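Coordinate-derived values only; no laboratory data. Here the Cβ positions follow ideal geometry from the backbone for every residue, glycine too, while neighbour counts run over all protein chains shown.
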Amino acid sequence: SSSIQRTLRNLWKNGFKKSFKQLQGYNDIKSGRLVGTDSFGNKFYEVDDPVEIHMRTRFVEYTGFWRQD
Amino acid sequence: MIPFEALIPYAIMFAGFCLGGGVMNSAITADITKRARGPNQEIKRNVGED
Amino acid sequence: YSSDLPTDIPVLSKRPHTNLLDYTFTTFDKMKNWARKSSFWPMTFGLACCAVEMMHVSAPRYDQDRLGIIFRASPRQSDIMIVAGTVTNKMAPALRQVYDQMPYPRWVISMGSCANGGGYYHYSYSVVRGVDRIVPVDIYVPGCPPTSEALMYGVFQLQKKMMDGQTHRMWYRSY
Amino acid sequence: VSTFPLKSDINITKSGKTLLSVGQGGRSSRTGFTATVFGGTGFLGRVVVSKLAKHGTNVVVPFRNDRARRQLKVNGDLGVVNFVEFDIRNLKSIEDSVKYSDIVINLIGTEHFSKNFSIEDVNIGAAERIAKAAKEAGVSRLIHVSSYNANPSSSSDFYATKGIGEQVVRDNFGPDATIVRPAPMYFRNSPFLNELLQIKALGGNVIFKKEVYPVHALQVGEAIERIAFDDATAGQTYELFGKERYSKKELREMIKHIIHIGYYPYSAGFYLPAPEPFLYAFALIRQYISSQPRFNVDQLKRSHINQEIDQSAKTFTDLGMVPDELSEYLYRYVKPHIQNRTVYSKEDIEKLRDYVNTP
Amino acid sequence: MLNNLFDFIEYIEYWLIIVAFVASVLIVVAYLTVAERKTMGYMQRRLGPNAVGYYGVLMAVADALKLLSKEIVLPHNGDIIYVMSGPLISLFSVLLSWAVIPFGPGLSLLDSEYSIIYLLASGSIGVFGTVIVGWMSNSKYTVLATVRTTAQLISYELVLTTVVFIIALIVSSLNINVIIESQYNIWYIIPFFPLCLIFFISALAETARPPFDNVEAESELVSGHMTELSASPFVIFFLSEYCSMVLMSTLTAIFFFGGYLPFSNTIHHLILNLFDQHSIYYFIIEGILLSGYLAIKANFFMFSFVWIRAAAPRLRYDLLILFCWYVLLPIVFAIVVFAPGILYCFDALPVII
Amino acid sequence: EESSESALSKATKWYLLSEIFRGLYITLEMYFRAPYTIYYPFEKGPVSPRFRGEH
Amino acid sequence: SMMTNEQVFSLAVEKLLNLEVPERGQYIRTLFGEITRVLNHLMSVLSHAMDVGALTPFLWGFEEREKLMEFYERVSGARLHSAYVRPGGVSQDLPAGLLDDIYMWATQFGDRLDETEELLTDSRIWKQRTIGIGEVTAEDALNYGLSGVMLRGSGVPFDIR
Amino acid sequence: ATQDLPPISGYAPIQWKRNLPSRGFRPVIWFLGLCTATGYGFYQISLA
Ligand SMILES: NC(=O)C1=CN([C@@H]2O[C@H](COP(=O)(O)OP(=O)(O)OC[C@H]3O[C@@H](n4cnc5c(N)ncnc54)[C@H](OP(=O)(O)O)[C@@H]3O)[C@@H](O)[C@H]2O)C=CC1
Ligand SMILES: CCCCCCCCCCCC(=O)OC[C@H](COP(=O)(O)OCC[N+](C)(C)C)OC(=O)CCCCCCCCCCC
Ligand SMILES: CCCCCCCCCCCC(=O)OC[C@H](COP(=O)(O)OCC[N+](C)(C)C)OC(=O)CCCCCCCCCCC
Ligand SMILES: CCCCCCCCCCCC(=O)OC[C@H](COP(=O)(O)OCC[N+](C)(C)C)OC(=O)CCCCCCCCCCC
Ligand code: SF4
């Protein structure tokens, strides 16, 4: 889950602009199947990667860029 | 499972030594060579065709 | 004398950027605040069970250090005071003394119900009903104890406030 | 302070408001009032806000310096001290600072001018606009603060604007506006006792010949309390000062012994005598080079003026309070800058006064 | 203009080299602090700083700028002498001690046959800088860490000085460059492995790093001398501790792992054959390579500074002074009477060629 | 006189720091393991239906 | 030691109430009487090492604390102050699948203790900080009422369980 | 069934005794390796 291969595959799947945002707020480059979007606009993904650790199989993509609440 | 995020600072520290060494090796060598080309500034700068 | 005082100048948090020297002082503000936000060094002022959750924020799962948060054992090297636990009467003068010894700029976070308003010990003969009776508190974290994520939400909320500061643009405009 | 800031628990204002107090006067008590201390983040505002909030009087504190107002809240219980962001170039904010209030206090003022405000805009423009808006907002009582030598005919800019400031208040608010003219207020971290303790005082002989009367900042704070809570003080002018006459040259030297500071005071730069045409020049330059309020030209003219007592105004005996002499309070405000510790009582300080003037 | 501007560069060229040198050291020191937390973070299953600049690259920038913009706490307003003087001595000594380290053959600011003495002399000035910090203070915690600080640095200075002299005895030269070149056929880690352990142990004490941490022990004496330091005096003193870490890690590479010498002469030869020696591009590549070999060797020891901190509990002070005197010193004097004996027996007394 | 180890074995472990080099090696094993950290606020720790929070 | 605290108040009150917890309740209070004991020593042994200097063993164990606090929260709703044990038994029954998580943690936890005993038990620096420090005689321990581990260290084989 | 219970046959046994098997060569061999490196090292120093 820390090897550069896991970051390479996620970098390629997302593309630049999606991954650049994760390189700005998330600090990690992840890719997952989209599950839904909520009333505020956040999008919630699920990670299918067999190497991802126990508590990191779901995450969010906040609407803003420089800030997250 | 090698962590690449952990080794990022080392690749930057490796560049720190290389930056200082690369400059010193080339700049001092170039200056020593140039002043060892002739007794005036119009000789040191230019390189003759022959 | 003569004073032509306008009435429509917006207050500082609302004033839009017009000339170049606004951006010059704004940039000096962002660079200064970004450093203070990112080097968020609290002071290890854990008092009671609220401190156990404070240490768990630094544990591997949450890893406060990954955000630039390093607990310091001295006011000189700390800018954040985290009141984690019950503030008794006997401890109260020491808390004020430790607070006064922190160089500016400084922020104080109140964690848990004891620090906030007494909590379970609100009707005791030896408990201060809220640490905001002794020191100014910048943000209140609720819970008994607040979860580690609840404390990180409090820290994240304060950083958003520190990044909103305009200490140097204030001089150029409000002063 | 004491235990109850009032003489009665029911207080009717000029506007027909009936304010009923509850409690014994401690933190959980209330007085029913709602003040508005302008410049509460200033030196005098902090003591004035503290006393009002200590007894359960809601205080609206308009501020511009976001961090400087945080320590104001410790004085009041939950919901007592309220914060309203404002700017004297904004009218809407001031019309919200005084919206729900029953007392308006105006401590805004300056002896220095800045790139965004002059002394004319602050001592005259702000006070006027406050009183005009405080009147239209249905406030029963306004208290104003000016300098100790308010005289619209003074050649000094500070007392020129401070003197005119008194008029434009009563010409805006009306003939009910109280006025307070405190003497130089000494306290912990006071602007007055600071320059007396500052080591490298450039142009010391030029600056310290000015003579004044010391006055306690707390008594000024407590005096303002008595004025707001008494309706018999409307339209009255107060000149607050001390009895014994002290000169800064006396103080700067009496202080010197308490600090315990041979070759050093001359070498360290404690004495920095200066020709006056230079001081007018260097203080001229720092007006547009320094980014901080330095000892400017107008302050230099004040050093040529001793304190004047306008004998037609009132004093502390009108309030039934004994003025406090700087003899008993000079020592406890220099301990921050200070075997056996050397403690000076009233007798010790007065004897120390004798030594300074003895050749 | 083009002729009256070239000579301007030639009149400023040797100032650009020095700035490139100072920047080269500071970049290593600045990113050493991140690498310490990033490495010790991953050995504790943490992550370490990865939120301040992309992947935490701007972590030293934030910490330095945060402290450079704090209110300096002086005992009285004009007491800047007391706070700054301690760290200033420490910083200058370790920054002047970088003047003898060569990044290649001859590429050092100071070259003289007394480089080893200059290096040991400069370090002992920094020791004087450290003990002065507490000795001008009345704080009990800060003044506590002077008598114990003084002896710890005093005691492990004999061990560090003697080890350097044994290597200098094997080459019979007190020049840094000669020592590095003397290791062409063999690296002094093979014959003098015990001295490398003794050098590295001594190096930890001199920089007051754990497990020899009793000076600035958080559980024992809080921040040590730094419990009274804030803002700039904290950074300058903190920077000095990490200039020494980079330096003492580089010194272990120089004395035992061949300095800038290549790991493989063949790989060094093959790489350089792709460039023409008649163009300045050859010399950049060689300088990058030669400093690269030193950097990799030095990095391994900056790694070991952090690595030992994450694996060894702190050593008690009373048992720490008796370690260098009753264990290390007899061994170090035993070798200094052993190496001349072996060399003489085989008629191999060294000469500076 | 009843120590099973010979003098040299006890001194080789003592001079060459036998257990310390092992102690370093175990710590270095963790360097090549997956860390535990989760990237809050983009991820959340587990919650259960019985959890007590805001009213 | 949150749950053992409320176990001694439950035992005292049930003793006064002349009541006895049913069989399953007692096993749950033993199950979480030892989870709590593991929680305490992970906090005590590892913070003791942190004071002595060993920073890393602290961090390794505190992830086990996070894994154990999950069992506290899954049965009671609070990570720390679970008012779970009460006079008469426990608040609620165990949620489905808790036993299968205590087991899966238990299979691995043995290796987590070994990696702690790797850095400390045989470390000469650790043994220099502790062997011969704070010696207590059996006569002194009984006189001062020292109990628990600071009485079996002095050689007395006494245990309240 | 309608409660959280262990399986019919129970859970498999776990590991709870100490597991720290020693590693590395005998102490004599490390000393032999040290004096081989020292001997070879001074051979190369004496050669140069
Ligand atoms: N020893 C003394 O202090 C003496 C003072 N006085 C007078 O009393 C009055 C109160 O001053 P004091 O409290 O003692 O000390 P200060 O000079 O620090 O008080 C000045 C107050 O007025 C505010 N102020 C100035 N300019 C502005 C502006 N453009 N907009 C909003 N607010 C402004 C300040 O707000 P902020 O703090 O945010 O800048 C501050 O609160 C002054 O007029 C002073 O001349 C008279 C006799 C003795
Ligand atoms: C001698 C000293 C050397 C320099 C020191 C370095 C200091 C570190 C920098 C701090 C960064 C920081 O703070 O970036 C983040 C901050 C805070 O963003 P926010 O709080 O969300 O508000 C800002 C966003 N809004 C207002 C829209 C909500 O600004 C930014 O988003 C900047 C956004 C534009 C960046 C344009 C950069 C142009 C290129 C610059 C390089 C080629
Ligand atoms: C070779 C260069 C690298 C290693 C340098 C240091 C050598 C230390 C061992 C000698 C001391 C000693 O006493 O060795 C002997 C000891 C203890 O043996 P025991 O407990 O009696 O064994 C029990 C009985 N057996 C012999 C049947 C098993 O073995 C060790 O602890 C070996 C430690 C190996 C791991 C550490 C090496 C990796 C560190 C980092 C490398 C990059
Ligand atoms: C002849 C071959 C020469 C070899 C030279 C090498 C010697 C090294 C020291 C051995 C002696 C020793 O470890 O001693 C242990 C000493 C003092 O122990 P003591 O008070 O005497 O008690 C024990 C002995 N008893 C019971 C017989 C009396 O303290 C220590 O724990 C020091 C540990 C320092 C560890 C520092 C970290 C290592 C970093 C380098 C690797 C990454
Ligand atoms: S609020 Fe609750 S958890 Fe925090 S100290 Fe008080 S009782 Fe303990």
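Limited to the stretch C:33-53, what total is found for residues that are part of a helix (DSSP H, G or I), of a type in the set (A, V, I, L, M, F, W, C) and at the interface with another protein chain (Cβ under 8 Å from one of its Cβ atoms)?
3
Considering every residue within the stretch E:48-60, establish whether at least one is surrounded by fewer than 17 Cβ atoms within 10 Å (Cβ to Cβ) and at the interface with chain B (Cβ under 9 Å from one of its Cβ atoms).
So far as the stretch E:48-60 goes, yes, one or more of its residues are surrounded by fewer than 17 Cβ atoms within 10 Å (Cβ to Cβ) and at the interface with chain B (Cβ under 9 Å from one of its Cβ atoms).
Do you know which residues across the stretch E:61-80 are more than 8 Å from chain C (Cβ to nearest Cβ), over 27 Å from the mean Cα position of the chain (by Cα) and not small (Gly, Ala, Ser)?
Within the stretch E:61-80, E:74, E:75, E:76, E:77, E:79, E:80 meet the criteria.
Given (1) at the interface with chain E (Cβ under 9 Å from one of its Cβ atoms); (2) farther than 21 Å from residue E:139 by Cα; (3) not polar (S, T, N, Q), identify the lone condition not met by residue C:123.
Result: residue C:123 passes all but (1).
What is the residue count in the stretch G:137-153 for residues that are surrounded by 11 or more Cβ atoms within 10 Å (Cβ to Cβ) and of a type in the set (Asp, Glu)?
1
Residue H:33: more than 22 Å from residue G:96 (Cα to Cα), of a type in the set (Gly, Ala, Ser) and more than 9 Å from every other protein chain (Cβ to nearest Cβ), yes or no? If you could, list the steps in order and put the result at the bottom.
On the way: more than 22 Å from residue G:96 (Cα to Cα): yes; of a type in the set (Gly, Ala, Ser): yes; more than 9 Å from every other protein chain (Cβ to nearest Cβ): yes.
Here the answer is yes, as residue H:33 does meet what is asked.
Taking the options D:66, D:102, name whichever one is more than 14 Å from every other protein chain (Cβ to nearest Cβ), away from ligand 4 (no atom under 16 Å from the Cβ) and either within 24 Å of residue D:188 (Cβ to Cβ) or of a type outside the set (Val, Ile, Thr) (or both).
Only one candidate qualifies: D:102.
Among the residues of the stretch F:1-48, write down those that are facing another protein chain (nearest Cβ under 7 Å), farther than 27 Å from residue G:114 by Cβ and away from ligand 2 (no atom under 16 Å from the Cβ).
Within the stretch F:1-48, F:8, F:39, F:40, F:42, F:43, F:44, F:48 qualify.
Within the stretch G:1-59, can you find the residues that are surrounded by fewer than 16 Cβ atoms within 10 Å (Cβ to Cβ), among the acidic types (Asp, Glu) and over 30 Å from residue F:23 (Cα atoms)?
Once the filter is applied, which keeps residues that are surrounded by fewer than 16 Cβ atoms within 10 Å (Cβ to Cβ), among the acidic types (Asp, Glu) and over 30 Å from residue F:23 (Cα atoms), the stretch G:1-59 yields G:20, G:23.
Residues in the stretch C:18-25: is at least one at the interface with another protein chain (Cβ under 9 Å from one of its Cβ atoms), more than 24 Å from residue C:85 (Cα to Cα), assigned to a helix (DSSP H, G or I) and within 16 Å of ligand 2 (Cβ to nearest atom)?
No, the stretch C:18-25 contains no residue that is at the interface with another protein chain (Cβ under 9 Å from one of its Cβ atoms), more than 24 Å from residue C:85 (Cα to Cα), assigned to a helix (DSSP H, G or I) and within 16 Å of ligand 2 (Cβ to nearest atom).
Mind listing just one residue for me: the one in the stretch D:28-52 that is among the charged types (D, E, K, R) and under 25 Å from the mean Cα position of the chain (by Cα) and, of those, surrounded by the most Cβ atoms within 10 Å (Cβ to Cβ)?
So, considering only residues that are among the charged types (D, E, K, R) and under 25 Å from the mean Cα position of the chain (by Cα), the one surrounded by the most Cβ atoms within 10 Å (Cβ to Cβ) is D:46.
From the list D:106, D:151, D:82, D:65, which one is in contact with an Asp or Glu (Cβ under 9 Å, 6 or more places away or on another chain) and either more than 22 Å from residue C:173 (Cβ to Cβ) or within 10 Å of ligand 1 (Cβ to nearest atom) (or both)?
None of the other options fit; the residue is D:151.
Among the residues of the stretch E:243-250, are any in a helix (DSSP H, G or I), within 30 Å of residue E:74 (Cβ to Cβ) and not hydrophobic (A, V, I, L, M, F, W, C)?
yes
Taking the stretch D:64-100 on its own, how many of its residues are buried (at least 18 other Cβ atoms within 10 Å of the Cβ), assigned to a loop (DSSP other than H, G, I, E, B) and either under 18 Å from the mean Cα position of the chain (by Cα) or within 16 Å of ligand 5 (Cβ to nearest atom) (or both)?
1
Please verify whether the stretch E:186-196 includes one or more residues that are among the β-branched types (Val, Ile, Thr) and either buried (at least 23 other Cβ atoms within 10 Å of the Cβ) or over 21 Å from the mean Cα position of the chain (by Cα) (or both).
Yes; the residues of the stretch E:186-196 include at least one that is among the β-branched types (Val, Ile, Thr) and either buried (at least 23 other Cβ atoms within 10 Å of the Cβ) or over 21 Å from the mean Cα position of the chain (by Cα) (or both).
Give, as residue ranges, the helices (runs of 4 or more DSSP H) completely inside the stretch D:259-359 that count at least 1 residues that are of a type in the set (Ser, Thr, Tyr), touching a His at 6+ places or on another chain (Cβ under 9 Å) and exposed (fewer than 14 other Cβ atoms within 10 Å of the Cβ).
D:346-357
Look at residue E:86 and say whether it is away from chain B (no Cβ under 12 Å) and in a helix (DSSP H, G or I).
Considered against the rule, which asks whether it is away from chain B (no Cβ under 12 Å) and in a helix (DSSP H, G or I), residue E:86 comes out as yes.
Failed condition for residue B:1, given (1) part of a loop (DSSP other than H, G, I, E, B); (2) more than 7 Å from every other protein chain (Cβ to nearest Cβ); (3) of a type outside the set (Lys, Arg), with all others met?
Of the numbered conditions (1) part of a loop (DSSP other than H, G, I, E, B); (2) more than 7 Å from every other protein chain (Cβ to nearest Cβ); (3) of a type outside the set (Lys, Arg), the odd one out for residue B:1 is (2).
Just to be sure I understand, how many residues within the stretch H:13-30 are closer than 28 Å to residue E:193 by Cα and either in a loop (DSSP other than H, G, I, E, B) or away from chain F (no Cβ under 13 Å) (or both)? Walk me through how you get there before you give the answer.
Residues of the stretch H:13-30 that are closer than 28 Å to residue E:193 by Cα, as a first pass: H:21-30.
Add one more test, that the residue is either in a loop (DSSP other than H, G, I, E, B) or away from chain F (no Cβ under 13 Å) (or both), and what stays is H:21-26.
Looking only at that region, the number is 6.
Would the stretch D:84-95 turn up any residue that is among the small types (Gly, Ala, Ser) and within 7 Å of another protein chain (Cβ to nearest Cβ)?
Yes: one or more hits.
With respect to the numbered conditions (1) touching a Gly at 6+ places or on another chain (Cβ under 7 Å); (2) closer than 30 Å to residue D:287 by Cβ; (3) among the small types (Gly, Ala, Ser), which one is the sole condition not fulfilled by residue D:40?
Condition (1) is where residue D:40 drops out.
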